[PDB]
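Novice: Here's a sequence, model it:
(chains A, B, C, D, E, F, G and H)
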Amino acid sequence: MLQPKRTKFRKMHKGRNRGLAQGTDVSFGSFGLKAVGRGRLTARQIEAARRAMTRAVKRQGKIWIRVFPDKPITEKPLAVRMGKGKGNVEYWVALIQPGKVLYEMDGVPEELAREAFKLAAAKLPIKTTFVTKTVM
Amino acid sequence: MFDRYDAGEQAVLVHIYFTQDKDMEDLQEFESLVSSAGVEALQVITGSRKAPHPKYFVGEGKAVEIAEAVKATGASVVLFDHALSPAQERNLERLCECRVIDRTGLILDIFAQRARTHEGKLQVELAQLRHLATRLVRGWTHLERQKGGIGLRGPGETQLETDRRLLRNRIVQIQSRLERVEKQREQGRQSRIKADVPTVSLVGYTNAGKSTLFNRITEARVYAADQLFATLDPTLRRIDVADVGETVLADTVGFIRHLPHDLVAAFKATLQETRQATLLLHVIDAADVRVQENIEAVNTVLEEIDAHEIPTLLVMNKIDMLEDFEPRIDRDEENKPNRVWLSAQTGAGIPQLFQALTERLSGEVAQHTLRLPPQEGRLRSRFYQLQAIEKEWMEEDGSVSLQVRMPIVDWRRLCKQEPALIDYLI
Amino acid sequence: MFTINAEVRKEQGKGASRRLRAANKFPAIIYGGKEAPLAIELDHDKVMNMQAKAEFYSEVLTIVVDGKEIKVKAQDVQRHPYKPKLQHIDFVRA
Amino acid sequence: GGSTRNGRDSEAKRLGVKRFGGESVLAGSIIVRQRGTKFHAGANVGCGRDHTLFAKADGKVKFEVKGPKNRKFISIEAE
RNA sequence: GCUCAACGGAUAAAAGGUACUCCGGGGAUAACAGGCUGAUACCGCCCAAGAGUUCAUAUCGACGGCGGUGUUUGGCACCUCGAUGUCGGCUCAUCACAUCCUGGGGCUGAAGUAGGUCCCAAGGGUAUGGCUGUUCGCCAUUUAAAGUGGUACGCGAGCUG
RNA sequence: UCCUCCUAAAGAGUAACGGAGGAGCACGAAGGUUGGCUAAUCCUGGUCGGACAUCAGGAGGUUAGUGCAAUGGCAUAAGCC
RNA sequence: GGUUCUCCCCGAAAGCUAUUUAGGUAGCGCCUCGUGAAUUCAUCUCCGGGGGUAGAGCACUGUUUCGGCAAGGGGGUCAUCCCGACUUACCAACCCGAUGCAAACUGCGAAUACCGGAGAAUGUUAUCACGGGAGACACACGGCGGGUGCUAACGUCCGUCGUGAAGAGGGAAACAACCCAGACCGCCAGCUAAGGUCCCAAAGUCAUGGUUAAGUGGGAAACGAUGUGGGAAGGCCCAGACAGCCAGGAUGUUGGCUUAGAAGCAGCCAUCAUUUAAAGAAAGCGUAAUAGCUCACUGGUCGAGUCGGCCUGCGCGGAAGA
RNA sequence: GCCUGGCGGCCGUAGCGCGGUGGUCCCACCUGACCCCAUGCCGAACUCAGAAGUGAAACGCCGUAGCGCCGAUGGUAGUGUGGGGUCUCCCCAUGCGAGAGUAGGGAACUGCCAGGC
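Specialist: Numbers count the residues shown, from 1 in each chain, chains lettered A, B, ... in the order given. Now the structure:
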């Protein structure tokens, strides 16, 4: 799930992770989960965190997923020898940099938001924090 | 492997459990549940008296037809109805462009889709290990092409005997895991029985309205659809009866038409609660035109799990849909030993089922009132706290008579070793 | 009140900014459009405590730099990515 | 099915660098495979074929941006 | 005049078997074992949707997360190809504790009996047979129990083949 | 064997059983010169015309096109008569 | 496989191309000897350049998320298109604002490196050309930039640098490749680099200021916690501050609903203040209903400190092998 | 010294939009075409011969920032060299230093020659 429908090329290079994140601030909603840390979030992890928050807020308020898994992470099978091409495309991840806000939410109070975001934070591998909207 | 077949993929409709020599002619019976499996009925291929060839388990004309159907539809998987030998399956998948996945392979796939717990997933994993063990050697031949036959030194046994031993170690491990799950089920059984709590287990044909019977009884929502194995997991909700008192019902997963014996043994190793149930709630449906083969097969499955020998309150489903004969309440005997034909899946037969709960509990009509102790206020408070009676009446000289009675227990506490020096009863 | 003591920056650059945040100051810039910009350093905890209130950004704010009481307003905020701290603020003279 | 194929080249870039004393015709920019982003103005017309810019006179290379479309042009100043 | 397309083209012209093999070399290169790694495997912990009459944590744990071991399938080809004998059984062992029994405890959805689960604990103990070459496995009958792993998947200058 | 892109680190180069695609031609005009002209796409009104034909107007500016892969190109057009 | 006496000087490579080639060989690059040549070559400074990498960015190519609204398409009544009954509380498509992704995207674009010119200083002409003799074309690790793998490996394949190879010596317990530094010989002479000064074992049981109480130092994550040290704020206060502690706490609110339980014990209506130092149509645990407890508050005289969160330094548990 | 036409430099502070304004000096329309020449038909366009008329359109000029466009300072990212912590990543010293925003700028400037007061 949460895989792009059309992709220009099937497999993509492994790459390295960027230094920091753009998209730090909360703009869609009042309350947010901002990652403090570097990592890869899988699509199953993103789905699990969103499911945790929506069960917590009980279909009240709106949840925004501000990240999307566009990175094809490819894995070779068991008992296969090295070489003989790249591996077949097994899952879709999103590279998370420090400072990236990943989830926004509105229409719930601050304590409900903080509980929902901590239940997401347990699911995600990266370390995260609660952030709130500010005026500039 | 963690990778699996893609859901929503096209498939042909040749594979309809056994078309012949098992069940009956039941094209439609497998067709409905495979629509529940998720492949749409674009084109159906049917074969009569299909020749059990040593080479393919089918004649070449039907092999050409099923190959043409799968390549014309563009379906990812070729499908075979009869459970066939792995080598004939290998010959057929060599002849076709796409590989053929077995009968029990797709039945395991739909079982894994319907399974939402690790206990059911462990049962499916055991049967999947059985099916994969049947087809491993033909699969491992292409791997041994890459191996080149190397590995002669070391394991001094025959070749693939070592990997057969590895599969056997998988069998040993999953036997240990299923024994652990059975230990958890035994702990749950010791939890649910208190030597005074009647328990009923809901069995029968799958998605035959037995879950809807539980829904009407307990007012707890069940999952009901055209799909088979919509209801899998048992849930236990307490309900109140006027005569029985307190009872609980657990919705055990039903049987497909002719469950395989491997699937029977798998769910029997998963749960023993059907055998350990004091009473059984069996719901038998007339969905097939030929009901008797269904009753015989499902009752033999119940005897395999030793639950038919437990008294079964038989629920005669589809009978209310036909309305050939109507449920009635009559006090014919104190046991009332009549086969209850009520179809309470719509809830039309629930008062007759309440009298059937009276028929399955100890239900003496005469109902001899117990002798009242001189201290009756504590007894009245206990009666009001446990179950306040719908009708309260008092006999002459202060005697209180009510429907719930415990005569043998009353005898044990009122006269075991007591001196009876006062001798109020003469 | 919303009045901050700030110091005019003796040195300017990447190393100067990092040494300032190590010494618990953060840089800021004041531009007016009628005279030259002035680059200042301010104590991070004080400007954080004032920016906690929204009236930091809403109304005018006064800075004292070298004894000149300069009235100014918050224009742009640069915050640290994964921490409470703020790196820089850009000020429009008012 | 197979992805391992590539063509070979060993020059497709500039050679004179705005201070060459390029003599007679010398390739300013060889196999550039384009004309607009490297056109020729000063040493009459270069760019005969394959869009290789050759100096029509001896002198120094000049790189400039000129024109409405802001294209950069290679010229040669004679002494 | 060249699908001399093995495209810097051996000649105009050329397929295989070898367990009957032989020679010169290689640990430059697979099989055993060791070694790095630990994806997989085993064990543990994190969140707790829930099943449990109600009650997330008596006992299980959904979707996901983080580790530990070297312990199964693998990855690599560092070591030995101027030789490190292959599974299994017999004889004899020795260690770790992720404890099968016996010992000491906590919770229990622990009345007693009997249990489940977890903690501490390595002193000792921890079957005989039918089948099959078998480790296994299934079966018969025991027992307090018939532990799990390491030791060149312990042990062929100890035995068997 | 050859061509194009990326790997390839802003000169050139650069490997793998790395990730994607092509070629083993075509045209004596699809070549040379001279003269002339610029398209995708949408809106509106109209023949047996309708998401889609042929026309007229307005937006849009190369989003077209290139004999064939991709990259570089291309208004002086290398695009079209 | 072996290849036999000595001393002095220089001193590589394990790459590219091709090969019936892959452990061989030829050319070139690299080594050595000889001859000739110009301030040739190098460093640095200044002046000329070209780029599309890192980074950014979202116009283009694809990809995303939200908020706006219909051209047309399920449909909502419609064998009502109503040339009008709203264009359904559907997708609106372009579009417009806001947010991200890219090796095969660029309206931007470095540091570096490369090339060219000029100027000193320095270098045993280091540079080029021709000729004589070769070896080598099996590389390893480490740092950086990457492909592949699992952001595995003492893995595999590249670019660049360093070291081994072919380099001893001191350090890292021992240790090709990591750090320091390049051995002509001799010295029972000093100074020092890395690393260290309690004994093994040469040199501080040095001086000052602070930290940790686990042998952290001297193996390991998510996660858990009134460990301990700082810092900036917040609530409260001798018109009295922090716990436990003794009194009150409504029957008109106890009115119904699985009935002599109706209320707060499934659920709902309901939440006036009378006679508020200070009183809930009871929050929780509940009570056989009936009991209760702690809290809205005051005397509590115990009398100056007490409650949580944020950032940060070092500790603790997670943490089991033959 | 005041405007129009041509040819250049410059190449969005140079363009687009909005509003006004100009006359046969120039320019564009305009009047005809069996002449020169022309249309896969097209005095559309191209030409030629020119009488009336018009500045509408086009064109030019003026004002307008509504946009395109330019655009600091400061900060950030990156990176060469030396060193440090070295889960994939960072930090320190030092030298260089973006892009994106931000304030602001912004309705072009200039040369040569012909015609008219």
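
Novice: can we go C-alpha only for contacts and neighbour counts from here?
Specialist: Will do.

Novice: Check which helices and strands the longest strand belonging to chain C sits against.
Specialist: Secondary structure of chain C read by DSSP state E shows that its longest strand is strand C:68-79. Using 3 or more Cα pairs under 8 Å, 6 or more residues apart in numbering or on different chains; DSSP states H and E, the elements in contact with strand C:68-79 are helix C:55-58, strand C:61-65, strand C:86-93.

Novice: Just checking: what are the partner strands of it?
Specialist: If you go by DSSP bridges, strand C:68-79 pairs up with strand C:61-65 (antiparallel), strand C:86-93 (antiparallel).

Novice: Of these, which is nearest residue B:361?
Specialist: Of all the strands paired with strand C:68-79, it is strand C:86-93 that lies closest to residue B:361, at 75.2 Å by Cα to Cα.

Novice: For the most centrally placed residue in chain D, what are phi and psi?
Specialist: Chain D has residue D:29 as the residue nearest its centroid, 2.9 Å off, counting by Cα atoms, centre = their mean. Here is the backbone geometry of residue D:29 (degrees, to the nearest 10): phi -150, psi 110.

Novice: and it, what is it in contact with?
Specialist: D:12-16, D:38, D:52-54 (Cα atoms under 8 Å, 6 or more residues apart in numbering or on different chains).

Novice: Let me know the closest of the residues you listed to residue A:98.
Specialist: Taking those together and measuring to residue A:98 by Cα to Cα, the closest member is residue D:13, at 40.0 Å.

Novice: Spit out the contact partners of residue C:39.
Specialist: Contacts of residue C:39 were listed using Cα under 8 Å, 6+ apart, and they are C:8-9, C:27-30.

Novice: So what touches stretch B:30-39?
Specialist: B:7-11, B:13, B:16-17, B:41, B:110, B:226-228.

Novice: now the helices: where do they sit in the stretch 301-426 of chain B?
Specialist: B:319-322, B:350-360, B:377-387, B:407-414 (DSSP state H, counting those that start in this stretch).

Novice: Check which residues of the longest strand that chain A contains are buried.
Specialist: Assignment by DSSP E gives strand A:89-96 as the longest strand of chain A. For strand A:89-96, the neighbour count (16 or more other Cα atoms under 10 Å in any protein chain shown) marks A:91-96 as buried.

Novice: closest to chain C among these?
Specialist: residue A:96 (12.2 Å; Cα to the nearest Cα).

Novice: ok, now which ones touch residue 37?
Specialist: I went with chain A, as the question did not name one. So residue A:37 contacts A:96-99, A:126-128, C:82 (Cα under 8 Å, 6+ apart).

Novice: should've been chain C
Specialist: Residue C:37 touches C:29-31, counting by Cα under 8 Å, 6+ apart.

Novice: Residue B:233 against residue B:223, yeah?
Specialist: No: judged on Cα atoms under 8 Å, residue B:233 makes no contact with residue B:223 at a distance of 10.4 Å.

Novice: quick one: the residue of chain A found nearest RNA strand H from residue B:170, how far?
Specialist: Minimum separation of chain A from RNA strand H (Cα to the nearest atom of the strand) falls at residue A:19, amounting to 3.3 Å. Remark: distance between residue A:19 and residue B:170 (Cα to Cα, to the nearest Å) = 45 Å.

Novice: With neighbour numbers in mind, choose between these two.
Specialist: Higher neighbour count among residue A:19 and residue B:170: residue B:170, with 14 against 8, using other Cα atoms under 10 Å in any protein chain shown.

Novice: so of the contacts of stretch B:30-39, which ones are in helices?
Specialist: residue B:110 (DSSP state H).

Novice: Residue B:292: neighbour count?
Specialist: For residue B:292, using other Cα under 10 Å, the count is 11.

Novice: What of residue B:68?
Specialist: 13.

Novice: and what of the one 4 residues further on?
Specialist: Look at residue B:72: counted by other Cα under 10 Å, it has 10 neighbours.

Novice: starting at the chain centroid, how far to the one helix or strand it maps to?
Specialist: Taking DSSP states H and E as the criterion, residue B:72 maps to helix B:60-73. Between the centre of helix B:60-73 and the centre of its chain there are 36 Å (Cα atoms, centre = their mean, to the nearest Å).
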